[PDB]
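Q: As input, take entry.txt (compact mmCIF, C-alpha atoms (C1' of nucleotides)):
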```txt
# COMPACT_ATOMS: atom_id res chain seq x y z
CA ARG A 69 0.00 0.00 0.00
CA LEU A 70 2.89 2.38 0.71
CA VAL A 71 4.40 1.81 -2.74
CA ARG A 72 0.99 2.37 -4.36
CA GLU A 73 0.83 5.73 -2.59
CA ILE A 74 4.30 6.69 -3.84
CA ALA A 75 3.46 5.68 -7.41
CA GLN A 76 0.19 7.66 -7.46
CA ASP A 77 2.26 10.84 -7.11
CA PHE A 78 4.25 9.86 -10.22
CA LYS A 79 1.58 8.59 -12.62
CA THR A 80 -2.14 8.00 -12.09
CA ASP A 81 -4.00 4.71 -12.57
CA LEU A 82 -1.13 2.24 -12.31
CA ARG A 83 -1.19 -1.53 -11.81
CA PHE A 84 1.66 -3.54 -10.28
CA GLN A 85 2.68 -7.13 -10.85
CA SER A 86 2.98 -9.00 -7.56
CA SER A 87 6.57 -9.84 -8.51
CA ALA A 88 7.29 -6.13 -8.96
CA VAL A 89 6.28 -5.41 -5.36
CA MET A 90 8.35 -8.31 -4.04
CA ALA A 91 11.39 -7.07 -5.96
CA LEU A 92 10.91 -3.58 -4.52
CA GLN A 93 10.72 -5.07 -1.02
CA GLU A 94 13.85 -7.17 -1.57
CA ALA A 95 16.01 -4.23 -2.65
CA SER A 96 14.54 -1.95 0.02
CA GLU A 97 15.23 -4.28 2.95
CA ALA A 98 18.73 -5.10 1.68
CA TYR A 99 19.47 -1.38 1.42
CA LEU A 100 18.18 -0.77 4.95
CA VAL A 101 20.04 -3.72 6.49
CA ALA A 102 23.27 -2.60 4.84
CA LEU A 103 22.62 0.96 6.01
CA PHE A 104 22.15 -0.15 9.63
CA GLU A 105 25.44 -2.05 9.36
CA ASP A 106 27.19 1.20 8.42
CA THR A 107 25.09 3.00 11.04
CA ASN A 108 26.16 0.58 13.79
CA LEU A 109 29.81 1.01 12.77
CA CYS A 110 29.45 4.79 13.09
CA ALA A 111 27.87 4.54 16.55
CA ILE A 112 30.64 2.23 17.78
CA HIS A 113 33.23 4.63 16.36
CA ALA A 114 31.76 7.42 18.52
CA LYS A 115 32.41 5.32 21.67
CA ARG A 116 28.67 4.56 21.77
CA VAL A 117 26.45 1.50 21.41
CA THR A 118 23.15 3.22 20.63
CA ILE A 119 22.40 4.24 17.05
CA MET A 120 21.19 7.81 16.54
CA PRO A 121 19.95 9.85 13.57
CA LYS A 122 23.37 11.51 13.39
CA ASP A 123 24.82 8.06 12.63
CA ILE A 124 22.52 7.43 9.66
CA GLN A 125 23.11 10.97 8.39
CA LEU A 126 26.87 10.46 8.70
CA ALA A 127 26.62 7.15 6.85
CA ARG A 128 24.61 8.65 3.98
CA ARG A 129 27.00 11.62 3.90
CA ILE A 130 30.00 9.33 3.41
CA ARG A 131 28.11 7.38 0.75
CA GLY A 132 27.56 10.66 -1.11
CA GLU A 133 23.76 10.42 -0.82
CA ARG A 134 22.81 14.07 -0.29
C1' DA B 1 57.32 38.54 105.41
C1' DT B 2 54.43 40.85 102.11
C1' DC B 3 53.13 44.41 98.81
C1' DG B 4 54.14 47.74 95.30
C1' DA B 5 56.86 49.26 91.50
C1' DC B 6 59.74 48.45 87.64
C1' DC B 7 61.66 45.82 83.85
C1' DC B 8 61.36 42.21 80.51
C1' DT B 9 59.08 39.31 77.33
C1' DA B 10 55.27 37.62 74.61
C1' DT B 11 51.52 38.56 71.84
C1' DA B 12 48.30 40.99 69.08
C1' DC B 13 47.25 44.11 65.72
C1' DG B 14 47.85 47.46 62.47
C1' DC B 15 48.62 48.65 58.51
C1' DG B 16 51.79 48.24 54.89
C1' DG B 17 53.81 45.70 51.21
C1' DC B 18 53.65 42.15 47.95
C1' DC B 19 51.38 38.93 45.04
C1' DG B 20 47.75 37.10 42.17
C1' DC B 21 43.66 37.64 39.52
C1' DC B 22 40.53 40.22 36.38
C1' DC B 23 39.42 43.61 32.86
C1' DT B 24 40.67 46.97 28.32
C1' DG B 25 44.44 49.91 23.85
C1' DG B 26 47.65 49.07 20.91
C1' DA B 27 51.44 46.75 18.39
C1' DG B 28 52.49 44.01 14.94
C1' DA B 29 52.01 40.67 11.41
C1' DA B 30 49.46 38.78 7.52
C1' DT B 31 45.88 40.13 4.10
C1' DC B 32 43.42 42.96 0.73
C1' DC B 33 43.61 46.60 -2.79
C1' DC B 34 45.97 49.11 -6.33
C1' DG B 35 48.45 51.14 -10.01
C1' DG B 36 52.39 49.94 -13.45
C1' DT B 37 54.02 46.64 -16.61
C1' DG B 38 54.63 42.81 -19.87
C1' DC B 39 53.95 38.61 -22.17
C1' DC B 40 52.14 34.69 -24.08
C1' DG B 41 47.88 32.38 -25.00
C1' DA B 42 43.29 33.73 -26.81
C1' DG B 43 40.54 35.19 -30.57
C1' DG B 44 40.59 36.18 -35.50
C1' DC B 45 41.37 35.74 -40.24
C1' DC B 46 43.13 32.53 -44.39
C1' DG B 47 42.55 28.85 -47.07
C1' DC B 48 41.90 24.05 -47.92
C1' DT B 49 38.91 19.58 -47.96
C1' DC B 50 36.28 16.14 -46.31
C1' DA B 51 32.13 15.56 -43.96
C1' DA B 52 27.43 17.43 -44.41
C1' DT B 53 23.99 18.11 -47.82
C1' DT B 54 20.87 16.73 -51.36
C1' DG B 55 18.16 13.89 -54.50
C1' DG B 56 16.72 9.18 -55.01
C1' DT B 57 15.41 4.18 -54.60
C1' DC B 58 14.30 -0.37 -51.82
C1' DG B 59 12.69 -2.65 -47.93
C1' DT B 60 11.20 -3.54 -43.36
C1' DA B 61 10.35 -2.23 -38.72
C1' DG B 62 6.72 -0.31 -36.90
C1' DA B 63 2.18 1.85 -36.45
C1' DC B 64 -2.50 0.19 -36.04
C1' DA B 65 -6.59 -2.42 -35.44
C1' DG B 66 -8.42 -6.91 -33.99
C1' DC B 67 -8.78 -10.68 -30.71
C1' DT B 68 -7.82 -13.25 -26.41
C1' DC B 69 -6.39 -14.71 -22.31
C1' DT B 70 -3.68 -14.14 -18.29
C1' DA B 71 -3.51 -11.89 -13.76
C1' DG B 72 -4.30 -7.80 -11.27
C1' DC B 73 -7.90 -5.89 -8.49
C1' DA B 74 -11.98 -6.22 -5.35
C1' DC B 75 -14.37 -8.35 -1.60
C1' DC B 76 -15.13 -11.04 2.48
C1' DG B 77 -14.66 -13.69 6.56
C1' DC B 78 -12.18 -16.30 9.98
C1' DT B 79 -8.01 -16.85 12.84
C1' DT B 80 -4.28 -15.30 15.36
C1' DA B 81 0.17 -13.60 14.85
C1' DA B 82 1.58 -9.52 15.47
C1' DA B 83 1.24 -4.79 16.93
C1' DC B 84 0.27 -0.96 20.77
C1' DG B 85 0.45 0.88 25.20
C1' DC B 86 1.78 0.93 29.70
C1' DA B 87 5.09 -0.03 33.76
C1' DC B 88 9.47 -0.61 35.55
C1' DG B 89 14.43 -0.09 36.17
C1' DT B 90 18.95 -0.63 34.90
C1' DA B 91 22.71 0.32 32.30
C1' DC B 92 24.12 3.45 28.72
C1' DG B 93 24.39 8.65 26.81
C1' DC B 94 27.04 12.64 28.12
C1' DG B 95 28.80 16.24 30.94
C1' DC B 96 32.65 17.13 33.89
```
Would you mind writing the structure in this file as structure tokens?
A:
Amino acid sequence: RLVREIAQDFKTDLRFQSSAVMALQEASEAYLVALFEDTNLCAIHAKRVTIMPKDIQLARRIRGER
DNA sequence: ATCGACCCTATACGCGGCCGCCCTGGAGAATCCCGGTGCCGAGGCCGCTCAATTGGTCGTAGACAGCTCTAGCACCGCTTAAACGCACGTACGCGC
């Protein structure tokens, strides 16, 4: 349902193959798991154990995602 | 034998001197601007030629309509796995 909302803002009256949604979910979760790996490394580097929004922002800054 | 007076010493204070801490002017580099100079790369013109242009023919990918058949959407109900909220407290964030 979330992806349907995002697509409605791009083009109206769209249908999705069930395999298209599953592929979107696969790449999304893999991106988020990998991001939390980099996020956890940043938090440990700051002599901390708890992840914080500054850790994710630092990770995406190093990746070049602005 | 005892009391008063005098001298000596210890102590307290009194203020003076010295030190440490807290607030402003000014000195000196390092930077920006500026007018003179000067030089070498930019911008321009010259002329050559090869790539763009043009006119033309042949063919096929593609536009288009027609038909069909998968699968994407809608709906619904039952179960329950999972999600939400609240309570507690301990160990982790962070400030020193």
Q: Select, from B:85, B:20, B:35, B:72, the residue with the minimum atom-to-atom distance to chain A, counting only C-alpha atoms (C1' of nucleotides).
A: B:72
Q: Starting from chain A, keep only residues with some atom at most 9 Å from an atom of chain B, counting all atoms listed in the file, and report them as a PyMOL selection string.
A: chain A and resi 83-86+116-118
Q: For residue 69 (chain A), list every protein, DNA or RNA residue within 10 Å, evaluated using all atoms listed in the file, and leave out those in the same chain fewer than 5 positions away; present the list as a list in words.
A: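 Those residues are residues 74, 75 and 89 of chain A.
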Q: When you draw a straight line from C1' of residue 96 (chain B) to CA of residue 112 (chain A), how long is it in Å?
A: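 Separation between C1' of residue 96 (chain B) and CA of residue 112 (chain A): 22.0 Å.
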Q: Record the distance separating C1' of residue 65 (chain B) and CA of residue 80 (chain A), expressed in Å with one decimal.
A: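 Rounded to one decimal, the two atoms are 26.0 Å apart.
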Q: Please, what distance in Å, to one decimal, runs between CA of residue 128 (chain A) and CA of residue 71 (chain A)?
A: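 Distance between the two atoms: 22.4 Å.
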Q: Compare A:96, A:76, A:107, A:87 by their minimum atom-to-atom distance to residue 125 (chain A), counting only C-alpha atoms, and give me the closest one.
A: A:107
Q: Around region 122-134 of chain A, with edges along x, y and z and 5 Å added on all six sides, what centre and edge lengths do you get, in Å to one decimal, as JSON?
A:
```
{"center_x": 26.3, "center_y": 10.6, "center_z": 6.1, "size_x": 17.5, "size_y": 16.9, "size_z": 24.5}
```
